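In the block that follows, a single chain appears as structure tokens, in the form deposited in one PDB entry.
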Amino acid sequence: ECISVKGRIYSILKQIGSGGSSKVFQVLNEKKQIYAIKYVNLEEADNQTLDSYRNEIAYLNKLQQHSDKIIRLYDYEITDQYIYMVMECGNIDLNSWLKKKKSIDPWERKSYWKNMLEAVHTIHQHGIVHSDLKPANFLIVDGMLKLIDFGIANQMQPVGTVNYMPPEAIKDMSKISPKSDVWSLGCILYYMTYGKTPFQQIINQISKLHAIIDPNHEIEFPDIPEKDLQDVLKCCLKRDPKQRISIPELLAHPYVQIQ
């Protein structure tokens, strides 16, 4: 099955994901190179979803310059009826990768953490708070993690996980701030160190959301060889966002600096 973007032809290999309005295809160009193409059908799209898609493509373009931990955008086509975005194709997404590992190498964990901090730092410096980060938002490319989206448009699905959801996102039911992204990052790092997310054991979604915002529900932090890692996790998972560690503080933390 064939796709045309700005007169260039691509062969579809498989469907990576689907959204409401959109689909993402692993694709083959004329020179036998692999890409990922996102297609957005705008024919049935209110001004809201239209503007979210315009905002996403504008931010994705702007951010090309500012970090290589943001997904590469090679080309795009926008029309009143559709958007195509020709992007790099990753090896595998973080969620699938974590799912198949029994354990994570401390060095690999640290290096992926640095990638995530950098990517999220760079969107924050442009005024974007993702506010729904989770392992599926990161992608492995060249042994390096890249953030693939910004929380701006409706995101890709290959019921929803709420294991990474920040307290103040639950309280919007706007207190969402850059600290919200720190919480979610902490939850990913927590999974990478202890093998479970902090509230994985609580099966019922509503019960879990209550637990996420309840300060009397202690999160467990078993002692581990790496004391700096343990402190990162505790600082990320503070329920008061005022007391929760910031991205610049995480970038100067011993965990990422003392090697």
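Residue numbers here begin at 1 and follow the sequence given. Take the two forms, find the largest set of C-alpha atoms that superpose within 1.5 Å, and that set is the rigid core.
Below, we refer to the form deposited in another entry, which is not included among the displayed structures.
Only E30, out of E220, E30, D51, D228, shows a C-alpha shift of 2 Å or more between this form and the one not shown on alignment of the rigid core. Put the two forms on the same core and the Cα of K242 is off by less than 2 Å between this form and the one not shown. After superposing the rigid core, the Cα of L251 is displaced by less than 2 Å between this form and the one not shown.
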